[PDB]
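>>> so I pulled this structure from the PDB, and the sequence comes with it:
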Amino acid sequence: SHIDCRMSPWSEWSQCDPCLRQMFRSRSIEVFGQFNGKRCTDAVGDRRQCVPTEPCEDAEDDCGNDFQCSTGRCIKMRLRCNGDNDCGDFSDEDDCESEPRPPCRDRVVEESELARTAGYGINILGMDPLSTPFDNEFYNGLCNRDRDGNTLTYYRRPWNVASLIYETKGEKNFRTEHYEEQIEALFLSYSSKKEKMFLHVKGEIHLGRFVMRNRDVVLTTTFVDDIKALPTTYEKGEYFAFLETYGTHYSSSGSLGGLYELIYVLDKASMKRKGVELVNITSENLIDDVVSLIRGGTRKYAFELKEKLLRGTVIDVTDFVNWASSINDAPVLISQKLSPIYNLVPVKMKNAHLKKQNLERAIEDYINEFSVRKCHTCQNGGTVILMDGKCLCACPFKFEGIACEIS
Amino acid sequence: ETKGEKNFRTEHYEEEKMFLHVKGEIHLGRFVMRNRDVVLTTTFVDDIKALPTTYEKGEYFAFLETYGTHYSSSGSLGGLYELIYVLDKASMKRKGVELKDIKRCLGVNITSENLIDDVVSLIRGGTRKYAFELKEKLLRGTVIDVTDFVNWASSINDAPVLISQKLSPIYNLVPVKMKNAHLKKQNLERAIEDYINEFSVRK
Amino acid sequence: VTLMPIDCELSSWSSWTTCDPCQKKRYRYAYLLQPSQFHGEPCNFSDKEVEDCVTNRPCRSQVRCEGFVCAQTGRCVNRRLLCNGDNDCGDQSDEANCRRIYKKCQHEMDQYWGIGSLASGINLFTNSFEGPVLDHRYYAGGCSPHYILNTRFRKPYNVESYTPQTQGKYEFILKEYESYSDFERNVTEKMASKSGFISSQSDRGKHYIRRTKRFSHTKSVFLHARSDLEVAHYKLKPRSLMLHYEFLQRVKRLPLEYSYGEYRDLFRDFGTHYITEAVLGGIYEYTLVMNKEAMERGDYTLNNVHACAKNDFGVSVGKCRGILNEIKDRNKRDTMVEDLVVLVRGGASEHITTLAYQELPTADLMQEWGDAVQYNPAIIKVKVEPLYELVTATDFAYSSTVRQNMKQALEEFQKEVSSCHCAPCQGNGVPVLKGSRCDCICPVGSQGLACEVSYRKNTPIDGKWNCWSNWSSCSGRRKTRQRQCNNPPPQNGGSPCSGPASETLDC
Amino acid sequence: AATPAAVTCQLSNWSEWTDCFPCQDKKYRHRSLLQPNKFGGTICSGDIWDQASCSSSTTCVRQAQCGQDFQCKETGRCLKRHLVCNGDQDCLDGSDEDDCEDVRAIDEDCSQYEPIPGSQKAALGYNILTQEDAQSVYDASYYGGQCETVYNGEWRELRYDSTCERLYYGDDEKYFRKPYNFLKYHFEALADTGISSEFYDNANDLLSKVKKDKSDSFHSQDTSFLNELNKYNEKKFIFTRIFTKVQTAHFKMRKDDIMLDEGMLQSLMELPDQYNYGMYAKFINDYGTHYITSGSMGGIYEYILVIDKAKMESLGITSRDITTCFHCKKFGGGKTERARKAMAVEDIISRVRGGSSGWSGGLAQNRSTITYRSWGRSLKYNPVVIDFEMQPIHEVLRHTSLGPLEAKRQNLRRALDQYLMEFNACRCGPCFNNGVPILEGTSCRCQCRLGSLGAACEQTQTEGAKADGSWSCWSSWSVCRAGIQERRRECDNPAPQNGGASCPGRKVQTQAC
């Protein structure tokens, strides 16, 4: 039989956490299920309303001399009237009738989208990118104008982006390996024939690199509020909800760009062997595998280039240049340096260190929970893949079927 | 995003088998949804008021059929297709000669070899007019022009589909403060189970 | 392994000098005995070290300025430059508090193009521009009309002339050589013999063939093109030069005592020399060399032999024998070697690169390059003086001592920065002393950290001098050199090194 | 070889919390990276440094410390007081320029010139372990009140004026302001190119044959024998290698009075005088192992093509035919063998470092005068650093305006020697097939070149290629008792394979005890 997945019993209910008025439970997935047994779709954690039993402790403190916006971020008073929306709400400046004291001294300036989206969240499972936890619209009232490099335009660098350098690189790698044999020899004799070809090409284009600031960084209101909502008590399902919303890591630096890839493989071969030992062997194969990938750039150019690459047609370099420029309009995070999301838990927040340690534990849980480690071995050395609440196996060898049961 | 892939695989053996697939993916973008403080529609909260606090399996089925058994908590929007065309190798070798006779049409023709031409086609997402025009060419054994592919792709934005999802059960969306919210979630869990146990080939 | 990384070795420290009576400091230093090479470990940068002192004694550094003192910079400027309308100070201290400003130049003025680069001193030994040494933004009034085309320029005070003396010289040489040789030989021999007569028959046969084909083809191309373009002549004034603030300060801080390391740091920061005349220009050079050779070889041999007899009386007896033997030996060899070098100086990155492309330019891009060279020229010819000729009593106290210190240090520097110290590269690579470590600059078609990789089976090794021997005693003070550092003969050796293989001088 | 097995990432326990630093109210601690996940493997959930809030139970005065010179509140930046009200905010708080109603303190109108575009990268720190930029080391924008300017030799930009009929060059770009930390910035147009191309080919071919026929009559016998061989060999080899190096400017950083970045300044003020590897390793991580003090700005293009082909064929035959009569009879008997093999490899690498995604891609594809010229134009607007000298980060401290930092500098040296030991890519496993090992954070990869695949690049698609070895790292220092301490290393990670070269470094390294 295949196996429909299995989950533990519920944990005992927590106590009622005050202020958030709720109790929580947890339930691990014992076995993911496999071979088209039913998914574990069911939620890993549960929560329930509770009438709080004891006094709540407030989340607010008086920041003191710093202003305290509607959104709860506090900003140093030089940012009063500054007109940069330093709180994301304009309570930095909506108060002010006059003397806006604006930075950038009436100079031409723009917002850069690459800087705005810098510092994507990442879920280690699948390496999928997520919205940046960084505000990237707070400027600390500095100007710090930088040039787009690919364009004569100046953009104001946001405070959290310590560097965003358009150190452009373009590469192309191509390899062809091509091989033929014919052999016609114990008392063996042969008629072995082979016709083999590997062609492999990839071209990375790097538009630029950002580095996020290591200190004094300002986070979005919703992220810090979701840390506020985060239970102090290590309720695994709530920390998993947080990690699901923001990922387990953030890119503390990233390279933005685009990529094309093409693999062509052929193996045509046959064997005959005859003779006597001290023999009636025959076999034939053909394998013929084409894969093409394009990442980044605008659709309209990207897909035309992917086609002209799949065709043997000689590429008009105008098309390649068009896609490579369009990478500036729609870059991909082709590389990044990860740091754990809990390093973004702001210090001096209430129980900040506890929430950090609990997030580190929740990440340990998240990795080990959705790890194929606790999943059934493939039958014939195929790779087991935890797809989504189920394992399936795929073989690179000639074995076949969802468990490699056959060939 | 713009992630586009294509794979063409042909495979044969003798000692015999023949198999062939073509896939493409056009991955337009990614959404992830908030897990907490979800703002549910007024109809949905009214339909949680319309759920008896006792396990009336029929009415909970009416609910599960109306809104869903699951929702997509995250997923990748875009379009996809796959084509397949499997050959009798014996006749293949003498109606045609070899794959280059046909590959030359992709990257001059003979009337007899048509088993390679009568492709089975699957398409998902995309504004139908362009996919229909693709089908109208492929049905004639003509590999569609790059123009029609890019036309279809730039259609995709007008009518995408979820390439991939992680579903979560609707009972998570039950607003925690709703009156008796928890028993109603548990009834939804039973109603989900009854849905599976009832409508299944085992029956 | 052929290579071994040689780590950087610097000396044991000097003795301390005496404490500077004003600078209140004493200094120690080390010589670099051996640079790092081949990823050998670098030295500590601190070949310089410094200790503080008490003010044991006064010093008379307080050079009297009769002029105005530019309060923040301490530059001494003539009072006629107060309220001049021009920052002749560094800090506008000449223009503050002025009741009325007498703007001398009402006109729109440009600076001469690239004139600031010529104000920076060069390391002559490395031909490298270094920090600024002269202030080419000081005008001392000026406001004489100077024009180039329709644009008018403010000549710096330090500049005697910058003048558009415009000239161009082109050279094209192309030498194509072909030879081919062909030699076919055929040799054929046939013999037959018979006797016939009871009856008897006898036959003998022989055939021999030898065939030879030898062919060789050789093709050679040498193409060289050079353009030397000249777009202005520059001359610095010979006297009363205005030094740059940074150079001024760095000279002030020089210890009166000879302590080589500080003067070395001076040279490292600003070089050893400053430019008194230069020609500003552009250079384009293109050099293509190609050799192509083919050989074809063929030897063929065939033999037949027959011996055949029949004897009859019916009844018959007989013996008959035949051999055929055949051999073919064939070879083809084909080779091409190609080198291209393109050098470009002056102009703009677009024209620089389109000239750097491997093809000869269209005359349009040559015109565009030469037009751009006016605005961003290089220095083609230079005449220089050693930097100590700037240390002048009008600027520095004790100036004669500082000058003589520099005079010695410049010798020690020329010795120390000499690339003779590096181990030779393979592959005719040129070792360049580049800081405390040495980089083998490899001709393209040789590669790696020592130029140890090449696919060419042989490559002429050009000579390299070793370091010249130390000064011999008086009665003919003398030095010697041995061409040892890379002996030319290997791999069809290249030219021997230049002389003087020994050099001799007054004591 | 098959792949090595995975290894799990492992970290030590937390070190004991550092006593709460009075001005910070922060506690710090570190772990050690006992093992990166060389292959597959669970990544460690946690970072190797951690900090927490505290209360010191003691005040600190340091806000007042420098106040002979103007010290900002936000930052330790302490300014010569003529920079106060100078007209240019010299610390990010602007406290030097607020309330400056005595505007007469302004130094000069210089803001008509922008800073040198692309000067900020020279300000960044550098990590030799990853060849990545760190946080800023130099202040990229502090001018020290100087208006020192650099002539932009490429300022000429065409304009057209339809209200006249004039095509003319605009002048906005003509000069840049030079930041204080650059002793030199020097525009200069150079290009060099080198090309080498070579072909060698050989075809060698031999045939040899004998037929021997003998006939006799007494009844009769006739016999014929044959031996024959064909043996053909072909080699084809092509190599070409192009290098093009445009230089557009050179820079040199000031060797004295270096004004550190605000962030580096604060972080260096936070480090203890007492040695604490956690703190100093965090500092080296954030600001990099190295900082830059030389420059070339430019573009590079590189192209390599290698093709190698071979063919070998042979055929052999030996035969006998016989006939005889006494009834007449005929026989024959023999053998023939034949073989053919053919090989080709074509490998091309093209790379552009330079000034636009568009034409960097175009020039990577199709080397031509069109792509060369358009990329050269793009190098006008976005040059890239093509060469840089660097020195270890601690040598910056010797030269700061902060004066002496001997103890902190020696701490940072010790910490750097440990950091360069602990995070070395040695701990990423054997990257086979000339794959490149990389260590990032607590994790390892191999970057596998196209001829190689798998978690260690272990499965080349062909049967094998000549692959050179690489060293494991140096072992621990010996527990020295004599005056000498010793460290050993071997070329086994991987060993030289399929006839590949030995790695060239040293086997033995030695230190004073």
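Perfect, I can see it now. Numbers count the residues shown, from 1 in each chain, chains lettered A, B, ... in the order given.

>>> switch to C-alpha atoms for all contacts and neighbour counts from now on
OK.

>>> can you give me the helices for chain B?
B:42-49, B:57-66, B:89-95, B:100-103, B:128-138, B:146-156, B:181-198 (DSSP state H).

>>> now the angle between helix B:57-66 and the longest one, please.
Relative orientation of helix B:181-198 and helix B:57-66, computed by axes from the mean of the first three to the mean of the last three C-alpha atoms, to 10 degrees: 90 degrees.

>>> next one: helix B:181-198 to chain centre, how far?
For helix B:181-198, the separation from the chain centroid amounts to 27 Å (computed by C-alpha atoms, centre = their mean, to the nearest Å).

>>> dump the helices of chain B into JSON lines; add distance to chain C as well.
Below are those laid out as JSON lines (distance: least, C-alpha to the nearest C-alpha, whole Å):
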{"stretch": "helix B:42-49", "distance to chain C": "64"}
{"stretch": "helix B:57-66", "distance to chain C": "66"}
{"stretch": "helix B:89-95", "distance to chain C": "40"}
{"stretch": "helix B:100-103", "distance to chain C": "34"}
{"stretch": "helix B:128-138", "distance to chain C": "44"}
{"stretch": "helix B:146-156", "distance to chain C": "34"}
{"stretch": "helix B:181-198", "distance to chain C": "67"}
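
>>> in a markdown table: these, plus mean neighbour count and distance to residue C:418.
Converted to a markdown table, the helices of chain B look like this (neighbours: other C-alpha atoms under 10 Å in any protein chain shown; distance: least, C-alpha to C-alpha, whole Å):
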| stretch | mean neighbour count | distance to residue C:418 |
| --- | --- | --- |
| helix B:42-49 | 13 | 85 |
| helix B:57-66 | 16 | 86 |
| helix B:89-95 | 13 | 75 |
| helix B:100-103 | 13 | 65 |
| helix B:128-138 | 17 | 72 |
| helix B:146-156 | 19 | 63 |
| helix B:181-198 | 17 | 84 |
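
>>> looking at those helices, which is closest to residue A:346?
Closest of the helices of chain B to residue A:346 is helix B:181-198, at 33.8 Å (criterion: C-alpha to C-alpha).

>>> quick check: residues of the stretch 151-300 of chain A near chain D?
The stretch 151-300 of chain A comes close to chain D at residues A:151-152, A:162-163, A:165-185, A:198, A:200-201, A:205-207, A:211, A:213-215, as judged by C-alpha under 8 Å from any C-alpha of the partner chain.

>>> which helices and strands sit right next to the longest strand seen in chain C?
Taking DSSP state E as the criterion, chain C has its longest strand at strand C:273-312. On a contact count with 3 or more C-alpha pairs under 8 Å, 6 or more residues apart in numbering or on different chains; DSSP states H and E, strand C:273-312 meets strand C:120-123, strand C:199-236, strand C:316-345, helix C:363-375, strand C:378-386.

>>> chain A: which of these is closest?
Among those, helix C:363-375 comes nearest to chain A, with 21.1 Å by C-alpha to the nearest C-alpha.

>>> what's the closest of the helices of chain B to residue C:178?
Residue C:178 sits nearest to helix B:100-103 of all these, at 44.5 Å, using C-alpha to C-alpha.

>>> who touches the closest one?
Helix B:100-103 is contacted from outside by B:108-109, using C-alpha atoms under 8 Å, 6 or more residues apart in numbering or on different chains.

>>> centre of the chain to that helix, how far?
Relative to its chain's centre, helix B:100-103 lies at 30 Å (C-alpha atoms, centre = their mean).

>>> now it - C-alpha only, CSV.
Extracted in CSV, the C-alpha atoms of helix B:100-103 (Å, rounded to 0.1, in the frame of the first residue of the first chain):
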residue,chain,number,x,y,z
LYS,B,100,16.0,15.2,-38.2
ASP,B,101,13.2,14.8,-40.9
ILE,B,102,10.9,16.4,-38.4
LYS,B,103,13.3,18.3,-36.0
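
>>> now tabulate the helices of chain B in CSV and tack on distance to residue D:127.
Converted to CSV, the helices of chain B look like this (distance: least, C-alpha to C-alpha, whole Å):
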stretch, distance to residue D:127
helix B:42-49, 55
helix B:57-66, 56
helix B:89-95, 59
helix B:100-103, 50
helix B:128-138, 51
helix B:146-156, 43
helix B:181-198, 54
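
>>> residue C:150 is nearest to which of those helices?
With C-alpha to C-alpha, the closest approach to residue C:150 among the helices of chain B belongs to helix B:146-156: 54.8 Å.

>>> say whether chain A is contacted by the closest one.
Yes. Judged by C-alpha under 8 Å from any C-alpha, helix B:146-156 and chain A are in contact via B:146-147, B:150, B:153-154.

>>> of all the residues in the stretch 401-513 of chain D, which one is nearest chain C?
Per C-alpha to the nearest C-alpha, residue D:504 is where the stretch 401-513 of chain D lies closest to chain C, at 6.0 Å.

>>> so that residue sits right up against residue C:4, yeah?
Yes. Look at residue D:504 against residue C:4 with C-alpha atoms under 8 Å: they come within range, at 6.8 Å.

>>> show me which of these two is the more surrounded one.
Neighbour count, other C-alpha atoms under 10 Å in any protein chain shown: between residue D:504 and residue C:4, residue D:504 has more, with 16 against 13.

>>> could you look up the SS state of the nearest residue to the more buried one once chain neighbours are set aside?
Using C-alpha to C-alpha, 6 or more residues apart in numbering or on different chains and skipping residues adjacent in sequence, the residue nearest residue D:504 is residue C:1, 6.0 Å away. Here residue C:1 is recorded as coil under DSSP: H, G, I helix; E, B strand; the rest coil.

>>> what about residue C:1, neighbour count?
Using other C-alpha under 10 Å, the number of residues around residue C:1 comes to 9.

>>> tell me what residue B:74 is bridged to.
residue B:32, residue B:166 (DSSP bridges).

>>> separation between it and residue D:355?
For residue B:74, the distance to residue D:355 equals 38 Å [C-alpha to C-alpha, to the nearest Å].

>>> buried set for the longest strand of chain C?
Buried residues in strand C:273-312, counted by 16 or more other C-alpha atoms under 10 Å in any protein chain shown: C:273-296, C:298-311.

>>> report the distance from that strand to the chain centre.
Using C-alpha atoms, centre = their mean, the offset of strand C:273-312 from its chain centre is 32 Å.

>>> just want the angle from that strand to strand C:199-236.
For strand C:273-312 against strand C:199-236, the angle by the same axes, to 10 degrees is 180 degrees.

>>> now the element after the biggest helix by length in chain C, going C-ward?
The longest helix of chain C (DSSP H) is helix C:399-417. Going down the chain from helix C:399-417, the next helix or strand is strand C:430-434, by DSSP states H and E.

>>> wait, isn't residue B:95 in contact with residue B:112?
Yes. If you go by C-alpha under 8 Å, residue B:95 and residue B:112 touch, sitting 5.7 Å apart.

>>> mutual contacts of these two, please.
In contact with both residue B:95 and residue B:112: no residue, using C-alpha under 8 Å, 6+ apart.

>>> give the contact list for the residue of chain B found nearest chain D.
Taking C-alpha to the nearest C-alpha, chain D has its nearest neighbour within chain B at residue B:2, 17.2 Å off. Counting by C-alpha under 8 Å, 6+ apart, residue B:2 touches A:294-299, A:302, B:26-29.

>>> hang on, the earlier thing: what about residue B:74 and residue D:355, which has more around it?
Ranked by neighbour count (other C-alpha under 10 Å), residue B:74 and residue D:355 place residue D:355 first, with 30 against 19.
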